[PDB]
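K.L.:
Encoded as structure tokens, here's the structure I'll be asking about.
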Amino acid sequence: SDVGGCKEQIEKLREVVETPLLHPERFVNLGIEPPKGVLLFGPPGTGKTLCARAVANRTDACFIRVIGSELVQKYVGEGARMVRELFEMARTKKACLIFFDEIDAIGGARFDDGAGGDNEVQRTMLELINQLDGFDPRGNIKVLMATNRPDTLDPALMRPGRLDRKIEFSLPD
Amino acid sequence: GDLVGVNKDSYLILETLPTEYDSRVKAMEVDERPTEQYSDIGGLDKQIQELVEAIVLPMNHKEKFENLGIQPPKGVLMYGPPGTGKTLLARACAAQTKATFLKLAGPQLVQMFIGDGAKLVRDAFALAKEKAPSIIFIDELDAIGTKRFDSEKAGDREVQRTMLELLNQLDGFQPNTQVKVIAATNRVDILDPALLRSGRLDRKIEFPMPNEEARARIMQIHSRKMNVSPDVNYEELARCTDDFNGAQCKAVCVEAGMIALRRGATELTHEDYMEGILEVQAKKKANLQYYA
Amino acid sequence: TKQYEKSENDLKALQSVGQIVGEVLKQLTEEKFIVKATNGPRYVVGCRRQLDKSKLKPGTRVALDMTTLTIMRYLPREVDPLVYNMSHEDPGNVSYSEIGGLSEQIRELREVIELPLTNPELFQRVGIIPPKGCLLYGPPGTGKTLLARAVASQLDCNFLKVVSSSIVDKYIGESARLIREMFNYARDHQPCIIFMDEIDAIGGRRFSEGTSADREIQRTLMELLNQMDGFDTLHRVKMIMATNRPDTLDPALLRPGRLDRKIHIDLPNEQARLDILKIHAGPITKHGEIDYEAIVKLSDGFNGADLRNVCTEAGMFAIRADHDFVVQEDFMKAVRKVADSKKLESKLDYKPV
Ligand SMILES: Nc1ncnc2c1ncn2[C@@H]1O[C@H](COP(=O)(O)OP(=O)(O)OP(=O)(O)O)[C@@H](O)[C@H]1O
Ligand SMILES: Nc1ncnc2c1ncn2[C@@H]1O[C@H](COP(=O)(O)OP(=O)(O)OP(=O)(O)O)[C@@H](O)[C@H]1O
């Protein structure tokens, strides 16, 4: 009931996440196959609140939200363990949702002369995409993503293979 | 050696037990076989032959090479933006060669502690020599093989030493001529010049956007499981795809079924396809005005 | 039947437990000896009557009793990683004759390496000190590790190989002191040759102070640096260093002493290119009609490794034609095309001096 009048937006993102887990036998019957996930961004109204909608509309099993800046840490090599473990946890969590906020912080692309710099950043993003492109399962836990600007190109060029359904705000008509 | 069994305070070794160590470092990843096969791709028939060659030819034709004095390739550089889709093809051909396949990710060499990646690579080719013949695959080599410029230092520098220790393994040691290893990068922007060798990267192919003929067939192999109305042009979509990718075509085949739910049609239609094309690409949205 | 009983009687001797290793620090008196286990604790203890006080001496590895904590038997020395370093195998001999260029570089290293060992007398007359170190770097061209490795198998004698991955040692970077062990047995087993590959990782410049292990490596230098600024005679032993670029070596290693000489690899000359071509045409089967100069003219600026990769690719192109004997026409096809592709992948090949 907290929606601000957006109709096609909220609908098209409802069918990517809530309907597959609401009626799994339906899409499996008529499959084809549900999509992997979505991407949110644009003007601030309304960033990040649309996810709260999935929180209240979650049917049974709770889902996990993740803050972006905690991936990158001092003493490089902590993010490697970080990003890896939550995946295994999710696979035990049987279809539980994982959402990263402000991917633009850890999505710094691509290369500069010197000095790195982006090396410790590129590890985070690229290990993310590599572990996202694994074949087992992978991963049944679906995906959910949100940020501010469409940058950068590397994540933006890697998503359309593994992701779909990028919508733009809209924003009040 | 090590692992020798000795009992508490007795300090006597009863037996010497093999082999090596340890847990995930011993076995990175156990890949039974991928489900995909080479029949799921199209338009790569010219460039898939160069990939299939370097891996298959050493296996069966060793008897031919001893007569012809031929040295088989080892590493092969496959690279491009998705897709392409190099990963799936390279893996799929590994089920057909029956050789043992070990999944390995590039950034895994980076660890919280020092010297881990070095020991890890040594431990990787260990069981590769034990499991010979076998196949090891790595991805995002460009990320862990950036040598920057000015010291000091590079965070990856321990992984550059580990990579240069790998190349050094193919340098000072001949036995690395067994158990081929495949590498793939998303972008050749940063590449180590030292990777040019028969045992290092040798076969190199630049993978552009798929041809129209290919984009038509690949989506048909993707939607061959789906129920489709027996009216499609195939030419239409192929011509209507610029800067598109083969994986974008899968996204289009799913988009066609996404609105089929609100359509109610149990069978997919021609117009649904082009609809889904214009949907996700190109971007959005604004409105049709000023163009009369 | 009775041999089994011999083994079982050996078990009766296995009922005697081992002992703990320890180093002799000093002796306070003849009834008081200061010993230190490898673990860190120190102990003032006695000794039995089989050992001699003069033979013991401080800094000697000995075995202490499990309870009395006194010396029973001793050992002169031991080292566990080195045995691996003495197992390196380099083919040739023949491989030494097949490398070709660079001739005069080889004629420099042959001398600086081999002569001080065979004729030490010539050096003492003139008053010139034998060079105790040398620097061979690439890859402007290639052939660094090969050539030096060939010298290991040509000069025979002793050779020791160390991979640059042995310096870290995870926590406790004691491998720095393992360098002192290395030079210990280098002073015992002398003469010997030591190789150092990819020194840029372990000899960097600590320009930007940061992270953690950046510093520990600077401490490994101090072992190299102080042992080669000794206080020690490295004249009998020999060392070889190699890198991508002499940018990180610091004024410490670019200074003589540690690195007396420097030999850069150069791109193979077309005259040398004909040579290296020749040695790869031998094992290969070709048609009776052959012309190597076509390849030499068509292939310019390539690396000696890249030439061999091109010859192998010419042969690996013949298997598609399935022919047993292969003409050089098919060769020049595969050569020209694939080699030029190598030029497209040849970006950022320019390396500093
Ligand atoms: N030219 C093509 N022929 C056949 N299938 C393709 C082609 N291009 C893309 N695909 C399909 O797109 C899907 C997504 O693969 P994608 O391109 O994301 O993998 P990838 O790029 O190899 O991953 P990575 O970037 O980690 O290497 C695959 O299932 C593949 O079948
Ligand atoms: N002069 C030569 N004669 C024969 N083979 C050579 C020669 N130079 C290089 N090679 C080939 O190159 C390979 C590696 O030798 P080398 O140590 O020069 O490479 P590298 O120095 O590691 O190259 P880079 O420095 O670019 O990594 C060998 O397997 C060998 O077959």
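Numbers in chain B come straight from Swiss-Prot, and the residues shown are 148-439, in order.
Any Cβ shown, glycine's included, is placed from N, Cα and C.
If you look up Swiss-Prot, you'll see B:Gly227, B:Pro228, B:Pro229, B:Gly230, B:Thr231, B:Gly232, B:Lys233, B:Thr234 marked as ATP binding site. The phosphoserine annotation in Swiss-Prot covers B:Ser376 and is backed by a large-scale study or a structure entry.
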K.L.:
Counting other CB atoms within 10 A of each CB, which of the recorded positions B:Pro229, B:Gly230, B:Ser376 comes out lowest?
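P.N.:
Sparsest of the recorded positions B:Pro229, B:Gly230, B:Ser376 by Cβ contacts within 10 Å: B:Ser376.
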K.L.:
Once the DSSP letters are reduced so that anything not helix or strand counts as coil, what is B:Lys233 (ATP binding site)?
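P.N.:
SS state of B:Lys233 (ATP binding site) = helix.
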K.L.:
Just to be sure I understand the contacts, which binding-site residues have a Cβ under 6 angstroms from any atom of ligand 1? Candidates are B:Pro228, B:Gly230, B:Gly232.
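P.N.:
What lies within reach of ligand 1, judged by Cβ under 6 Å, is B:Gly230, B:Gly232.
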K.L.:
Excluding near sequence neighbours, so keeping only residues 6 or more apart in the same chain, what lies with its CB under 8 A of B:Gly232 (ATP binding site)?
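P.N.:
Long-range Cβ contacts: B:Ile188, B:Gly393, B:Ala394.
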K.L.:
If you measure Cβ to Cβ, which of the recorded positions B:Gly227, B:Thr231, B:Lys233, B:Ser376 are under 8 Å from chain A?
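P.N.:
Listed recorded positions meeting the cut-off: none at all.
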K.L.:
Suppose we draw a 10 Å sphere around the Cβ of B:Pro228 (ATP binding site). How many other Cβ atoms does it contain, all chains included?
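P.N.:
B:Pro228 (ATP binding site) is surrounded by 17 other Cβ atoms within 10 Å.
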K.L.:
Given B:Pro228 (ATP binding site) and the residue listed as 'phosphoserine', what distance in Å do their CA atoms have, once rounded to a whole number?
P.N.:
32
K.L.:
Measuring Cα to Cα, how many Å separate B:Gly230 (ATP binding site) from B:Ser376 (phosphoserine)?
P.N.:
27
K.L.:
C-alpha of B:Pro229 (ATP binding site) to C-alpha of B:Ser376 (phosphoserine): distance in Å?
P.N.:
29
K.L.:
Taking every protein chain in this structure into account, which of the binding-site residues B:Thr231, B:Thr234 has the most other Cβ atoms within 10 Å of its Cβ?
P.N.:
B:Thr231
